[PDB]
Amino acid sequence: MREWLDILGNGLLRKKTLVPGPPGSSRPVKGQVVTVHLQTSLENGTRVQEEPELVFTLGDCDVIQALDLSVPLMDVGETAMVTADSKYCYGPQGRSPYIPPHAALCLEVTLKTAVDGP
C-alpha cells in the first residue's frame, strides 16, 4: 500500500518501499558504512547481480546515482525497489560482462545496518 516516489521529477529514477522499516527505524547518514542486500535485474527481468552483504560508505562519489540518491531515503530494515534509467546507472558504459550500454535497471535493496564510519 506504498506509493512510488519520483526522486528527480523526470520519471527516470523511481523508488517504492516494498517492506517498510519498522516503527522507530531511521535513515542512514552519509558517511556511515551501510550493509545492503542488493539485487540487480535488467528492466526485462534478467537477473544480473546479487550481493547479500554489500558493504559501502554511503555517499561515496562513484556509487551509481540510482543507489546514492535512493539509499538515503530508506529506513534501516526497509526493502525498496528502485527503477532507474541507464542515465542514473551505468549509462553508455555498461558494466561488463552482464549489463549492456543503455540498460535500465531494477534494483531491489534491503538496508540491513548503518554504522558510523571510522
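One rule holds for the numbers: they count along the sequence shown, beginning at 1.
Novice: Looking only at CA atoms, which has the higher mean B factor in the entry: 25 to 33 or 42 to 50?
Specialist: The stretch with the larger mean CA B-factor is 42 to 50.
Novice: In terms of CA temperature factor as recorded, identify the highest of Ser86, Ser70, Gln93, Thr79.
Specialist: Each of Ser86, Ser70, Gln93, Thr79 was compared by C-alpha B-factor; the highest is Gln93.
Novice: Thinking about Cα B factors across the chain, which third does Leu5 belong to?
Specialist: Highest third.
Novice: Lowest, middle or highest third of the chain for the C-alpha temperature factor of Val55?
Specialist: Answer is lowest: the recorded C-alpha B-factor places it there.
Novice: According to the PDB entry, is the CA B factor of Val63 in the bottom, middle or top third of its chain, that is, lowest, middle or highest?
Specialist: Its C-alpha B-factor belongs to the middle third of this chain's values.
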